[PDB]
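Enquirer: Take a look at run-v6.cif, mmCIF, C-alpha atoms:
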data_model
#
loop_
_atom_site.label_atom_id
_atom_site.label_comp_id
_atom_site.auth_asym_id
_atom_site.auth_seq_id
_atom_site.Cartn_x
_atom_site.Cartn_y
_atom_site.Cartn_z
CA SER S 1717 -1.67 89.58 -22.23
CA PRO S 1718 2.03 90.61 -22.28
CA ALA S 1719 2.66 87.82 -24.81
CA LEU S 1720 -0.17 89.08 -27.02
CA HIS S 1721 1.11 92.66 -26.74
CA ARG S 1722 4.63 91.55 -27.67
CA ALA S 1723 3.32 89.56 -30.64
CA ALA S 1724 1.28 92.54 -31.85
CA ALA S 1725 4.28 94.86 -31.48
CA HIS S 1726 6.52 92.44 -33.39
CA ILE S 1727 3.95 92.06 -36.18
CA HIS S 1728 3.41 95.82 -36.47
CA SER S 1729 7.17 96.51 -36.48
CA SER S 1730 7.80 94.33 -39.57
CA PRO S 1731 5.62 95.60 -42.43
CA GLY S 1732 5.61 93.66 -45.68
CA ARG S 1733 6.76 90.40 -44.10
CA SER S 1734 5.81 87.31 -46.10
CA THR S 1735 4.89 85.48 -42.87
CA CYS S 1736 2.49 88.20 -41.67
CA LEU S 1737 -0.76 89.62 -43.08
CA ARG S 1738 -2.17 92.73 -41.38
CA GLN S 1739 -5.33 94.46 -42.61
CA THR S 1740 -7.55 97.21 -41.21
CA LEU S 1741 -11.30 97.48 -41.86
CA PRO S 1742 -12.81 100.81 -40.73
CA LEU S 1743 -16.48 100.67 -39.80
CA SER S 1744 -19.18 103.12 -40.90
CA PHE S 1745 -19.45 104.91 -37.57
CA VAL S 1746 -22.38 107.30 -37.12
CA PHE S 1747 -22.44 108.50 -33.50
CA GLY S 1748 -18.81 107.61 -32.80
CA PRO S 1749 -17.75 105.52 -29.81
CA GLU S 1750 -20.23 107.25 -27.47
CA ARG S 1751 -22.96 104.77 -28.43
CA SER S 1752 -20.69 102.19 -30.11
CA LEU S 1753 -18.07 101.40 -27.44
CA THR S 1754 -20.43 98.95 -25.76
CA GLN S 1755 -21.51 97.78 -29.22
CA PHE S 1756 -17.85 97.38 -30.24
CA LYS S 1757 -17.13 95.36 -27.09
CA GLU S 1758 -20.16 93.14 -27.71
CA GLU S 1759 -19.11 92.59 -31.33
CA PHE S 1760 -15.56 91.74 -30.25
CA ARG S 1761 -16.81 89.28 -27.62
CA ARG S 1762 -19.48 87.75 -29.89
CA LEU S 1763 -18.57 87.99 -33.59
CA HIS S 1764 -16.41 84.93 -34.30
CA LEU S 1765 -15.69 82.40 -37.05
CA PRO S 1766 -16.42 78.66 -37.33
CA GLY S 1767 -13.66 76.24 -36.42
CA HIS S 1768 -12.11 78.41 -33.70
CA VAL S 1769 -12.88 80.03 -30.35
CA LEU S 1770 -12.40 83.78 -29.85
CA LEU S 1771 -11.21 84.63 -26.33
CA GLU S 1772 -10.94 88.26 -25.24
CA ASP S 1773 -8.21 88.98 -22.70
CA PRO S 1774 -9.67 91.12 -19.88
CA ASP S 1775 -6.29 92.80 -19.28
CA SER S 1776 -5.95 94.48 -22.69
CA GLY S 1777 -9.14 93.58 -24.59
CA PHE S 1778 -7.27 91.83 -27.41
CA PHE S 1779 -9.00 88.83 -28.98
CA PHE S 1780 -7.13 85.58 -29.62
CA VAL S 1781 -8.12 82.55 -31.70
CA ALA S 1782 -7.81 79.09 -30.15
CA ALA S 1783 -8.41 75.63 -31.57
CA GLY S 1784 -11.78 74.09 -30.73
CA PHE S 1917 -0.38 80.38 -36.15
CA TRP S 1918 -1.93 83.32 -34.29
CA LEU S 1919 -4.65 85.82 -35.19
CA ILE S 1920 -5.46 88.86 -33.04
CA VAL S 1921 -8.01 91.65 -33.47
CA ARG S 1922 -7.63 94.93 -31.58
CA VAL S 1923 -10.71 96.69 -30.19
CA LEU S 1924 -9.99 100.42 -30.09
CA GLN S 1925 -12.31 103.43 -29.93
CA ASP S 1926 -12.49 103.98 -33.70
CA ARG S 1927 -9.81 101.72 -35.26
CA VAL S 1928 -9.63 97.98 -35.89
CA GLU S 1929 -6.31 96.22 -36.52
CA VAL S 1930 -5.89 92.54 -37.40
CA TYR S 1931 -2.49 90.92 -36.82
CA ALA S 1932 -1.79 87.46 -38.26
CA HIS S 1933 1.38 85.43 -37.71
CA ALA S 1934 2.24 82.09 -39.31
CA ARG S 1935 5.22 79.99 -40.32
CA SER S 1936 4.53 80.57 -44.03
CA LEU S 1937 1.62 82.79 -45.08
CA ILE S 1938 2.32 82.30 -48.81
CA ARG S 1939 2.67 78.49 -48.94
CA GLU S 1940 -0.60 77.41 -50.56
CA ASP S 1941 0.71 73.94 -51.53
CA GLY S 1942 -0.82 72.27 -48.50
CA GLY S 1943 0.56 74.87 -46.09
CA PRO S 1944 -1.19 77.65 -44.17
CA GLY S 1945 -0.90 80.16 -47.04
CA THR S 1946 -4.22 79.43 -48.73
CA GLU S 1947 -5.83 78.99 -45.31
CA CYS S 1948 -4.52 82.40 -44.22
CA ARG S 1949 -5.77 84.03 -47.42
CA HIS S 1950 -9.21 82.48 -46.95
CA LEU S 1951 -9.24 83.56 -43.29
CA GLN S 1952 -8.35 87.13 -44.27
CA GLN S 1953 -11.11 87.19 -46.89
CA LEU S 1954 -13.63 85.81 -44.39
CA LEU S 1955 -12.52 88.38 -41.81
CA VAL S 1956 -12.99 91.21 -44.32
CA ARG S 1957 -16.45 89.90 -45.22
CA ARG S 1958 -17.36 89.57 -41.54
CA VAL S 1959 -16.15 93.11 -40.82
CA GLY S 1960 -18.27 94.46 -43.67
CA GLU S 1961 -21.27 92.47 -42.46
CA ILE S 1962 -20.75 93.72 -38.90
CA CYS S 1963 -20.61 97.33 -40.09
CA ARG S 1964 -23.77 96.83 -42.15
CA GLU S 1965 -25.54 95.20 -39.19
CA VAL S 1966 -24.51 98.05 -36.88
CA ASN S 1967 -25.84 100.60 -39.38
CA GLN S 1968 -29.10 98.66 -39.75
CA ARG S 1969 -29.52 98.39 -35.97
CA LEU S 1970 -28.89 102.13 -35.57
CA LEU S 1971 -31.45 102.90 -38.29
CA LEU S 1972 -34.00 100.58 -36.67
CA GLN S 1973 -33.44 102.17 -33.25
CA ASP S 1974 -33.84 105.66 -34.73
CA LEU S 1975 -37.04 104.62 -36.53
CA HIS S 1976 -38.45 103.10 -33.33
CA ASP S 1977 -37.57 106.13 -31.20
CA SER S 1978 -38.53 108.96 -33.57
CA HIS S 1979 -40.95 107.27 -36.04
CA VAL S 1980 -38.75 108.49 -38.92
CA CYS S 1981 -37.13 106.41 -41.66
CA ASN S 1982 -33.57 107.35 -42.59
CA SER S 1983 -32.25 107.48 -46.15
CA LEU S 1984 -29.78 104.67 -45.43
CA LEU S 1985 -32.53 102.30 -44.26
CA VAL S 1986 -34.49 102.62 -47.53
CA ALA S 1987 -33.78 104.24 -50.89
CA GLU S 1988 -35.80 107.40 -51.51
CA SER S 1989 -38.27 106.68 -54.31
CA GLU S 1990 -39.82 109.31 -56.57
CA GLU S 1991 -43.04 109.32 -54.54
CA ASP S 1992 -41.13 109.55 -51.25
CA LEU S 1993 -38.97 112.38 -52.59
CA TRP S 1994 -42.03 114.27 -53.84
CA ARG S 1995 -43.84 113.78 -50.51
CA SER S 1996 -40.88 115.25 -48.58
CA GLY S 2023 -23.36 114.52 -34.50
CA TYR S 2024 -24.24 111.71 -36.91
CA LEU S 2025 -23.42 113.20 -40.33
CA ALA S 2026 -20.14 111.26 -40.61
CA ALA S 2027 -21.89 108.05 -41.67
CA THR S 2028 -24.11 109.92 -44.13
CA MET S 2029 -21.10 111.68 -45.69
CA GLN S 2030 -19.05 108.46 -45.79
CA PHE S 2031 -21.77 105.98 -46.83
CA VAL S 2032 -24.04 106.28 -49.87
CA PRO S 2033 -27.78 105.64 -49.38
CA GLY S 2034 -28.64 101.95 -49.27
CA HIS S 2035 -25.68 100.87 -47.13
CA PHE S 2036 -27.96 100.28 -44.13
CA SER S 2037 -30.84 99.04 -46.30
CA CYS S 2038 -32.11 95.56 -45.44
CA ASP S 2039 -33.26 92.93 -47.91
CA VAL S 2040 -36.83 91.61 -47.94
CA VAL S 2041 -36.81 89.11 -45.07
CA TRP S 2042 -40.17 87.63 -46.10
CA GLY S 2043 -42.71 87.99 -48.88
CA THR S 2044 -46.44 87.49 -49.28
CA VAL S 2045 -48.86 87.46 -52.22
CA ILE S 2046 -52.63 87.54 -51.67
CA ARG S 2047 -55.12 87.76 -54.53
CA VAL S 2048 -57.54 90.62 -53.90
CA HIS S 2049 -61.25 90.12 -54.50
CA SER S 2050 -63.33 91.65 -57.29
CA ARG S 2051 -64.42 94.52 -55.00
CA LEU S 2052 -60.88 95.91 -54.56
CA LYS S 2053 -59.84 96.57 -58.17
CA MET S 2054 -59.75 100.33 -57.53
CA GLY S 2055 -60.47 102.14 -54.27
CA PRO S 2056 -61.42 105.78 -53.76
CA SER S 2057 -58.57 106.84 -56.06
CA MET S 2058 -59.01 106.02 -59.73
CA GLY S 2059 -56.69 103.20 -60.75
CA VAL S 2060 -55.59 102.62 -57.14
CA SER S 2061 -56.94 99.79 -55.00
CA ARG S 2062 -58.44 100.33 -51.55
CA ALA S 2063 -55.99 97.84 -50.03
CA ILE S 2064 -53.58 100.70 -49.33
CA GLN S 2065 -56.35 102.68 -47.62
CA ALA S 2066 -57.38 99.65 -45.56
CA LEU S 2067 -53.77 99.00 -44.52
CA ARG S 2068 -53.36 102.66 -43.56
CA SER S 2069 -56.54 102.60 -41.48
CA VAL S 2070 -55.40 99.38 -39.80
CA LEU S 2071 -51.80 100.39 -39.03
CA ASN S 2072 -51.72 104.18 -38.77
CA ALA S 2073 -50.30 103.58 -35.28
CA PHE S 2074 -47.06 102.24 -36.83
CA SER S 2075 -46.93 104.11 -40.16
CA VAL S 2076 -43.68 105.85 -41.07
CA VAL S 2077 -44.20 109.54 -41.83
CA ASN S 2078 -41.14 109.75 -44.10
CA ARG S 2079 -41.81 106.32 -45.69
CA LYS S 2080 -45.24 105.82 -47.23
CA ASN S 2081 -46.78 102.33 -47.04
CA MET S 2082 -44.16 101.35 -44.45
CA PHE S 2083 -44.86 99.80 -41.05
CA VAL S 2084 -42.29 99.70 -38.24
CA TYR S 2085 -43.05 97.82 -35.02
CA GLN S 2086 -40.52 96.25 -32.66
CA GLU S 2087 -41.25 92.65 -31.71
CA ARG S 2088 -42.25 92.04 -28.10
CA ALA S 2089 -39.78 89.15 -27.73
CA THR S 2090 -37.48 89.14 -30.77
CA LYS S 2091 -37.20 92.97 -30.60
CA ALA S 2092 -37.22 93.01 -34.42
CA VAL S 2093 -38.54 96.28 -35.88
CA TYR S 2094 -38.91 95.55 -39.60
CA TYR S 2095 -40.40 97.53 -42.49
CA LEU S 2096 -43.27 96.74 -44.84
CA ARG S 2097 -43.58 97.49 -48.56
CA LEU S 2098 -46.91 96.60 -50.20
CA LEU S 2099 -46.76 97.26 -53.94
CA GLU S 2100 -49.77 97.21 -56.27
CA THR S 2101 -48.60 94.43 -58.58
CA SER S 2102 -50.92 93.05 -61.26
CA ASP S 2156 -55.92 92.99 -61.11
CA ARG S 2157 -54.93 95.16 -58.14
CA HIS S 2158 -53.93 92.28 -55.87
CA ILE S 2159 -51.77 92.47 -52.73
CA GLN S 2160 -48.01 91.87 -52.94
CA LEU S 2161 -46.11 92.74 -49.76
CA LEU S 2162 -42.47 92.39 -48.74
CA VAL S 2163 -41.36 92.58 -45.10
CA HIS S 2164 -37.72 93.68 -44.94
CA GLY S 2165 -36.09 93.15 -41.55
CA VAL S 2166 -32.74 92.38 -39.98
CA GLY S 2167 -33.54 88.66 -40.07
CA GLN S 2168 -36.35 86.13 -40.36
CA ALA S 2169 -39.21 87.60 -38.35
CA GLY S 2170 -41.06 85.51 -35.79
CA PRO S 2171 -44.77 84.68 -35.51
CA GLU S 2172 -45.51 88.28 -34.49
CA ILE S 2173 -45.16 89.44 -38.11
CA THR S 2174 -45.43 86.04 -39.84
CA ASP S 2175 -49.20 85.54 -39.55
CA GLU S 2176 -50.74 88.23 -37.31
CA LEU S 2177 -50.53 90.88 -40.04
CA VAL S 2178 -51.85 88.42 -42.63
CA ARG S 2179 -54.79 87.51 -40.38
CA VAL S 2180 -55.52 91.18 -39.68
CA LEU S 2181 -55.53 92.00 -43.40
CA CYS S 2182 -57.72 88.96 -44.09
CA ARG S 2183 -60.28 90.10 -41.53
CA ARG S 2184 -60.07 93.62 -42.94
#
Spit out the file's structure as structure tokens when you get a sec.

Expert:
Amino acid sequence: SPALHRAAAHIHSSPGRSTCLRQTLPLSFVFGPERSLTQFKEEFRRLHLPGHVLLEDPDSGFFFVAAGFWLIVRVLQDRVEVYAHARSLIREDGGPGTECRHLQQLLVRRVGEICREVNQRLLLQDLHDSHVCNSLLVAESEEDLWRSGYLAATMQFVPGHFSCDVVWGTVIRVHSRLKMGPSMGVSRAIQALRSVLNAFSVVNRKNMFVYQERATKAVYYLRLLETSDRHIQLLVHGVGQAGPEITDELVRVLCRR
């Protein structure tokens, strides 16, 4: 720990050195470190890179990279500092220069991904607790707009930053009795889905279902669009690949319906 502190002090005291590359990636904090300090510690102790082992010193909390050149990441309340030291950080002709550049790019990408994952997890937790879908979790459509501290993230991040891609998709051809439901030009599949899953329907997000997994603890969202022949075309957007809880149970329920 004293050696790591001395190395960090030496790196920070020599800006612009060709043998050092220091970058800072601020995260999109929402509730500050009150609910993120444990999350920040977990990310520091878990988020790593292939080809190396990240060891966190219990004395100071600084993370060091070991083979499985020095690279350290500081875990503060609201600031992240990366200190890199090498014999030659600009020698790309077989030296560690190109490797250091690639490592810095990968670290920046990982920091962005970690911030996005933290935002998505916060949005999912808020949706589970309050049954409300935030603007960051899903872009407000025209229909959603017509049907309608933590402000730091909203003021610093545009909508869609915490949005999650469609984890899975499904296409089922509706029968000849579901071309148009009670509404003219609109199938009854939406009405059937609403009747089936009103217990997990988002008030602020129409045709959206949020339900945390019993084991995987994955609360994803559903988007069933009338794509033509008013068939069924649904996309389940979650943090990751959902398990059997949402893979086939919903499909079987809709089939029975």

Enquirer: Spell out the residues picked by the PyMOL selection byres ((chain S and resi 1951) around 12) here, as a PyMOL selection string.

Expert: chain S and resi 1737-1739+1764-1768+1781+1917-1919+1930-1932+1937+1944-1950+1952-1958

Enquirer: Please enumerate the residues selected by the PyMOL selection byres ((chain S and resi 2097) around 9) when evaluated against the supplied file, formatted as a ChimeraX atom specification.

Expert: /S:2040,2080-2083,2095-2096,2098-2099,2160-2164

Enquirer: Check what the PyMOL selection byres ((chain S and resi 2085) around 10) selects in the file above and give those residues as a tab-separated table (two decimals) with C-alpha atoms, keeping the file's coordinate frame.

Expert:
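part-v5.tsv, written as the output of this step:
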chain	number	residue	atom	x	y	z
S	1972	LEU	CA	-34.00	100.58	-36.67
S	1975	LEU	CA	-37.04	104.62	-36.53
S	1976	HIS	CA	-38.45	103.10	-33.33
S	1979	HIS	CA	-40.95	107.27	-36.04
S	2071	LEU	CA	-51.80	100.39	-39.03
S	2073	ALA	CA	-50.30	103.58	-35.28
S	2074	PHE	CA	-47.06	102.24	-36.83
S	2075	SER	CA	-46.93	104.11	-40.16
S	2083	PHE	CA	-44.86	99.80	-41.05
S	2084	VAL	CA	-42.29	99.70	-38.24
S	2086	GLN	CA	-40.52	96.25	-32.66
S	2087	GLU	CA	-41.25	92.65	-31.71
S	2088	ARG	CA	-42.25	92.04	-28.10
S	2091	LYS	CA	-37.20	92.97	-30.60
S	2092	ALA	CA	-37.22	93.01	-34.42
S	2093	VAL	CA	-38.54	96.28	-35.88
S	2094	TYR	CA	-38.91	95.55	-39.60
S	2095	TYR	CA	-40.40	97.53	-42.49
S	2096	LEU	CA	-43.27	96.74	-44.84
S	2172	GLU	CA	-45.51	88.28	-34.49
S	2173	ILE	CA	-45.16	89.44	-38.11

Enquirer: To one decimal in Å, tell me the separation between atom CA of residue 1994 of chain S and atom CA of residue 1981 of chain S.

Expert: 15.3 Å

Enquirer: Using all atoms listed in the file and a cutoff of 9 Å, can you tell me which residues are near (-36.0, 87.0, -38.6) in the file's coordinates, and write them out as an mmCIF file with C-alpha atoms, in the coordinates of the input?

Expert:
data_model
loop_
_atom_site.group_PDB
_atom_site.id
_atom_site.type_symbol
_atom_site.label_atom_id
_atom_site.label_comp_id
_atom_site.auth_asym_id
_atom_site.auth_seq_id
_atom_site.Cartn_x
_atom_site.Cartn_y
_atom_site.Cartn_z
ATOM 1 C CA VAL S 2041 -36.810 89.110 -45.070
ATOM 2 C CA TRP S 2042 -40.170 87.630 -46.100
ATOM 3 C CA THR S 2090 -37.480 89.140 -30.770
ATOM 4 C CA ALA S 2092 -37.220 93.010 -34.420
ATOM 5 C CA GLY S 2165 -36.090 93.150 -41.550
ATOM 6 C CA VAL S 2166 -32.740 92.380 -39.980
ATOM 7 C CA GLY S 2167 -33.540 88.660 -40.070
ATOM 8 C CA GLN S 2168 -36.350 86.130 -40.360
ATOM 9 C CA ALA S 2169 -39.210 87.600 -38.350
ATOM 10 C CA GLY S 2170 -41.060 85.510 -35.790
#

Enquirer: Using only C-alpha atoms, can you tell me which of S:1938, S:1922, S:1773, S:1752 comes closest to residue 1734 of chain S?

Expert: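 Between S:1938, S:1922, S:1773, S:1752, the residue approaching residue 1734 of chain S most closely is S:1938.
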
Enquirer: Need the axis-aligned box for segment 2078-2097 of chain S with 8 Å each side, so what are the centre and edges in Å to one decimal, as JSON?

Expert:
{"center_x": -42.0, "center_y": 99.4, "center_z": -38.1, "size_x": 25.6, "size_y": 36.6, "size_z": 36.8}

Enquirer: Quick one, how far is atom CA of residue 2047 of chain S from atom CA of residue 2070 of chain S?

Expert: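 Between these atoms lies a distance of 18.8 Å.
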
Enquirer: Provide the atom CA of residue 1732 of chain S to atom CA of residue 1927 of chain S distance in Å, to one decimal place.

Expert: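 The value is 20.3 Å.
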
Enquirer: Excluding residue 1736 of chain S and its own-chain neighbours fewer than 5 positions away, which residues fall within 9 Å of it when counting only C-alpha atoms? Please give them as a ChimeraX atom specification.

Expert: /S:1727,1730-1731,1931-1937

Enquirer: Go through S:1753, S:2052, S:1985, S:2181 one by one, measure the shortest atom-to-atom distance of each to residue 2035 of chain S using all atoms listed in the file, and give the residue with the smallest value.

Expert: S:1985

Enquirer: Using all atoms listed in the file, which of the listed residues (S:1733, S:1726, S:2079, S:2184) sits closest to residue 2065 of chain S?

Expert: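 Smallest separation from residue 2065 of chain S among the options: S:2184.
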
Enquirer: Go through S:1968, S:1754, S:2050, S:1973 and flag the residue nearest residue 2062 of chain S, using only C-alpha atoms for the distances.

Expert: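 Answer, going by the shortest atom-to-atom distance: S:2050.
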
Enquirer: For segment 2057-2083 of chain S, which lacks atoms in the input, supply N, CA and C atoms and format the output as a PDB file, keeping the file's coordinate frame.

Expert:
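Okay, part-v8.pdb is ready:
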ATOM      1  N   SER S2057     -59.356 106.250 -54.985  1.00  0.00           N
ATOM      2  CA  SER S2057     -58.570 106.840 -56.060  1.00  0.00           C
ATOM      3  C   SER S2057     -58.714 106.016 -57.329  1.00  0.00           C
ATOM      4  N   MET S2058     -58.863 106.706 -58.457  1.00  0.00           N
ATOM      5  CA  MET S2058     -59.010 106.020 -59.730  1.00  0.00           C
ATOM      6  C   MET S2058     -57.720 105.301 -60.097  1.00  0.00           C
ATOM      7  N   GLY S2059     -57.838 104.014 -60.418  1.00  0.00           N
ATOM      8  CA  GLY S2059     -56.690 103.200 -60.750  1.00  0.00           C
ATOM      9  C   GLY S2059     -55.877 102.721 -59.568  1.00  0.00           C
ATOM     10  N   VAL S2060     -56.304 103.016 -58.342  1.00  0.00           N
ATOM     11  CA  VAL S2060     -55.590 102.620 -57.140  1.00  0.00           C
ATOM     12  C   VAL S2060     -56.546 101.821 -56.258  1.00  0.00           C
ATOM     13  N   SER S2061     -56.106 100.645 -55.820  1.00  0.00           N
ATOM     14  CA  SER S2061     -56.940  99.790 -55.000  1.00  0.00           C
ATOM     15  C   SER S2061     -57.128 100.383 -53.605  1.00  0.00           C
ATOM     16  N   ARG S2062     -58.167  99.912 -52.921  1.00  0.00           N
ATOM     17  CA  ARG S2062     -58.440 100.330 -51.550  1.00  0.00           C
ATOM     18  C   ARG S2062     -57.634  99.551 -50.526  1.00  0.00           C
ATOM     19  N   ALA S2063     -56.811  98.596 -50.965  1.00  0.00           N
ATOM     20  CA  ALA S2063     -55.990  97.840 -50.030  1.00  0.00           C
ATOM     21  C   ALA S2063     -55.015  98.745 -49.292  1.00  0.00           C
ATOM     22  N   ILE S2064     -54.467  99.744 -49.987  1.00  0.00           N
ATOM     23  CA  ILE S2064     -53.580 100.700 -49.330  1.00  0.00           C
ATOM     24  C   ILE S2064     -54.338 101.492 -48.274  1.00  0.00           C
ATOM     25  N   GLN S2065     -55.556 101.936 -48.595  1.00  0.00           N
ATOM     26  CA  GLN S2065     -56.350 102.680 -47.620  1.00  0.00           C
ATOM     27  C   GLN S2065     -56.705 101.812 -46.422  1.00  0.00           C
ATOM     28  N   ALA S2066     -57.065 100.548 -46.662  1.00  0.00           N
ATOM     29  CA  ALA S2066     -57.380  99.650 -45.560  1.00  0.00           C
ATOM     30  C   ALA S2066     -56.155  99.406 -44.681  1.00  0.00           C
ATOM     31  N   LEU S2067     -54.989  99.201 -45.297  1.00  0.00           N
ATOM     32  CA  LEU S2067     -53.770  99.000 -44.520  1.00  0.00           C
ATOM     33  C   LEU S2067     -53.428 100.244 -43.709  1.00  0.00           C
ATOM     34  N   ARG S2068     -53.608 101.431 -44.295  1.00  0.00           N
ATOM     35  CA  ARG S2068     -53.360 102.660 -43.560  1.00  0.00           C
ATOM     36  C   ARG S2068     -54.300 102.801 -42.375  1.00  0.00           C
ATOM     37  N   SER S2069     -55.589 102.525 -42.581  1.00  0.00           N
ATOM     38  CA  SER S2069     -56.540 102.600 -41.480  1.00  0.00           C
ATOM     39  C   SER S2069     -56.204 101.593 -40.390  1.00  0.00           C
ATOM     40  N   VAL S2070     -55.717 100.414 -40.781  1.00  0.00           N
ATOM     41  CA  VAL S2070     -55.400  99.380 -39.800  1.00  0.00           C
ATOM     42  C   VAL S2070     -54.159  99.752 -38.995  1.00  0.00           C
ATOM     43  N   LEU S2071     -53.111 100.243 -39.656  1.00  0.00           N
ATOM     44  CA  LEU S2071     -51.800 100.390 -39.030  1.00  0.00           C
ATOM     45  C   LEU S2071     -51.283 101.824 -39.093  1.00  0.00           C
ATOM     46  N   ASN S2072     -52.176 102.806 -38.955  1.00  0.00           N
ATOM     47  CA  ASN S2072     -51.720 104.180 -38.770  1.00  0.00           C
ATOM     48  C   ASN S2072     -50.897 104.360 -37.507  1.00  0.00           C
ATOM     49  N   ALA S2073     -51.061 103.478 -36.518  1.00  0.00           N
ATOM     50  CA  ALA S2073     -50.300 103.580 -35.280  1.00  0.00           C
ATOM     51  C   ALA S2073     -48.821 103.242 -35.466  1.00  0.00           C
ATOM     52  N   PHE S2074     -48.450 102.600 -36.577  1.00  0.00           N
ATOM     53  CA  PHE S2074     -47.060 102.240 -36.830  1.00  0.00           C
ATOM     54  C   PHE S2074     -46.631 102.628 -38.240  1.00  0.00           C
ATOM     55  N   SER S2075     -47.245 103.664 -38.806  1.00  0.00           N
ATOM     56  CA  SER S2075     -46.930 104.110 -40.160  1.00  0.00           C
ATOM     57  C   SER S2075     -45.804 105.126 -40.121  1.00  0.00           C
ATOM     58  N   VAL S2076     -44.826 104.949 -41.003  1.00  0.00           N
ATOM     59  CA  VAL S2076     -43.680 105.850 -41.070  1.00  0.00           C
ATOM     60  C   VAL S2076     -44.095 107.117 -41.818  1.00  0.00           C
ATOM     61  N   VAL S2077     -43.847 108.274 -41.200  1.00  0.00           N
ATOM     62  CA  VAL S2077     -44.200 109.540 -41.830  1.00  0.00           C
ATOM     63  C   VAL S2077     -43.351 109.783 -43.071  1.00  0.00           C
ATOM     64  N   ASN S2078     -42.049 109.510 -42.983  1.00  0.00           N
ATOM     65  CA  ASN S2078     -41.140 109.750 -44.100  1.00  0.00           C
ATOM     66  C   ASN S2078     -41.112 108.598 -45.099  1.00  0.00           C
ATOM     67  N   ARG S2079     -41.781 107.484 -44.809  1.00  0.00           N
ATOM     68  CA  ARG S2079     -41.810 106.320 -45.690  1.00  0.00           C
ATOM     69  C   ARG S2079     -43.255 105.868 -45.846  1.00  0.00           C
ATOM     70  N   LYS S2080     -43.864 106.206 -46.979  1.00  0.00           N
ATOM     71  CA  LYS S2080     -45.240 105.820 -47.230  1.00  0.00           C
ATOM     72  C   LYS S2080     -45.357 104.308 -47.406  1.00  0.00           C
ATOM     73  N   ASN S2081     -46.496 103.768 -46.965  1.00  0.00           N
ATOM     74  CA  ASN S2081     -46.780 102.330 -47.040  1.00  0.00           C
ATOM     75  C   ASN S2081     -45.691 101.512 -46.355  1.00  0.00           C
ATOM     76  N   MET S2082     -45.191 102.023 -45.232  1.00  0.00           N
ATOM     77  CA  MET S2082     -44.160 101.350 -44.450  1.00  0.00           C
ATOM     78  C   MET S2082     -44.623 101.243 -43.009  1.00  0.00           C
ATOM     79  N   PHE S2083     -44.471 100.056 -42.429  1.00  0.00           N
ATOM     80  CA  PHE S2083     -44.860  99.800 -41.050  1.00  0.00           C
ATOM     81  C   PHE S2083     -43.648  99.348 -40.255  1.00  0.00           C
TER      82      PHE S2083
END
